[PDB]
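In the form deposited without the ligand, a lone chain appears below as structure tokens.
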């Protein structure tokens, strides 16, 4: 039982922890062993939820946080209703306002590297990419950041607080040296 596991459980909302645990076990992975991956999945999950809470009431369908089958079910309904092409890879949200899927990224390296990595993987000129770093940078497809500055600033503040909280516990370096 690691210090990182206990930190995660006190740092993140219980529903977030439970969803992250479920995600990991869906692919056979142990949150008690892959503890940096645990923290990362919780973080990404919270970002996705804060992101969908930006903007107006019915704006985003949340794909992330569901099991594989239901996530693709929702993607299928979105495609077979809006006519948007079916992504090769599961995204994180759908924007009913802009009519595009969103892939959220949270990285401990420069937003540039990670954006290039995700863009080359999906390759769809369709799925919108939005990367946040733990240093407060962000990078988004076609310089279009979807949300208000205020809703994005909230996410960046939260990411930096997670980083400080890891640091005060001497877990940050292991977390960063694991991505």
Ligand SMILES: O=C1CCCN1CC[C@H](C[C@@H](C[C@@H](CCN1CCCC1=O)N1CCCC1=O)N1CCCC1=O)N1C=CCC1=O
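Residue numbers count along the first chain shown, from 1.
Although it is not shown, the form deposited with the ligand bound is what the next lines describe.
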**Item:** Open or blocked: site for the ligand, pose in the bound PDB entry superimposed, 2.4 Å backbone/C-beta cut-off, 3-atom minimum
**Value:** open
**Item:** All of 15, 19 and 66 with a heavy atom within 4.5 Å of the ligand in the bound PDB entry
**Value:** yes
**Request:** Evaluate residue 145 for contact with the ligand in the bound PDB entry, applying a 4.5 angstroms cut-off between non-hydrogen atoms, and reply yes or no.
**Result:** no
**Message:** Is residue 139 near the ligand? Define near as a heavy atom within 4.5 Å, in the bound PDB entry.
**Reply:** no
